[PDB]
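S.K.:
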Amino acid sequence: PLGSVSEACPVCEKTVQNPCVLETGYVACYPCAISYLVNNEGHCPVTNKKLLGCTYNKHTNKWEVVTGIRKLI
Ligand SMILES: [Zn+2]
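So PDB author numbering is basically just the index in the sequence shown, starting at one, shifted up by 1.
1) Helix, strand or coil, according to DSSP, for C45 in the structure here?
2) Please name the residue or residues paired with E65 in a DSSP beta bridge.
3) For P32, does the count of other Cβ atoms within 10 angstroms reach 16, so buried, or fall short, so exposed?
4) Provide the residue span of the beta strand (DSSP E) that contains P20, from first to last.
5) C45: beta carbon under 6 angstroms from a heavy atom of ligand 1?
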């Protein structure tokens, strides 16, 4: 089922803390989702799909997450 918070985080492999949903529907820790997308040029840690919601910042020469991460309460 979508949105479950009891699966391993696909980034850090631990119990998810501060869950959020990625553009691909998978759940990760909030800082894990942010850091993975920034560090991997906007690619999903589960599917390696190039995500629509990540944008390249020409000033910092780094990727940022503009849309596509949603927190779970
Ligand atoms: Zn994590």
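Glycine included, every Cβ here is placed at the ideal spot set by N, Cα and C.
M.R.: Taking the structure as given:
1) In the structure shown, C45 adopts coil according to DSSP, grouped into three states.
2) When beta bridges are read from the DSSP output, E65 appears opposite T56.
3) Answer is exposed; the Cβ neighbour count stays below 16.
4) Its beta strand (DSSP E) spans residues 20 to 22.
5) It does not: the Cβ of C45 is nowhere closer than 6 angstroms to a heavy atom of ligand 1.
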